[PDB]
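K.L.:
Everything below, folded, please.
(one chain, ligands or ions: 1)
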Amino acid sequence: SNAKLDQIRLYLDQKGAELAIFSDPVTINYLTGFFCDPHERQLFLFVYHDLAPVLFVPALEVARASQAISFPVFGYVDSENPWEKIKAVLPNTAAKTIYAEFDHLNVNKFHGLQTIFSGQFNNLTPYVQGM
Ligand SMILES: [Cl-]
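P.N.:
Numbering: from 1, shown residues only. And now the structure:
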């Protein structure tokens, strides 16, 4: 397992949360060693407290991501709705308590994620700042 993601999973367990969703390319590179500029496209790292983590990227990034990342990586092409695709590829969307990076995630992305996850969202930025 990824040592830094082991620390996130402990944090989630200590907070009684089931899922962290990272969106900031800088945090994602900190955690995984993959750096992305997604432009207008979607980029998320889903760190379940128990399941394998999942990287979600534009299709054009899959090959590069896969060179550095051994856990699941899924892409979406431009003709696909990214929110429907996340729903289609993730093992589980039932988390009751979710952490996300409120200092990076824009309101449109936040609302997008809320069409998939009905759980309560909490701010991850205190954890991120403290690494
Ligand atoms: Cl891992």
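
K.L.:
Count the residues that sit near the closest residue to residue 34 other than its chain neighbours.
P.N.:
Excluding its sequence neighbours, the residue lying closest to residue 34 (Cβ to Cβ, 6 or more residues apart in numbering) is residue 68, at 4.7 Å. In this view, the C-beta of every residue, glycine as well, is placed from N, C-alpha and C. Residue 68: 13 surrounding residues under other Cβ atoms under 10 Å.

K.L.:
swap in the one 5 residues further on?
P.N.:
Residue 73 is surrounded by 20 other residues when neighbours are defined as other Cβ under 10 Å.

K.L.:
That one touches residue 67, doesn't it?
P.N.:
No - applying Cβ atoms under 8 Å, one finds residue 73 not in contact with residue 67, separated by 10.0 Å.

K.L.:
Look up how far residue 124 lies from the residue nearest to residue 34.
P.N.:
Look at residue 68 and residue 124: by Cβ to Cβ, to the nearest Å, they are 22 Å apart.
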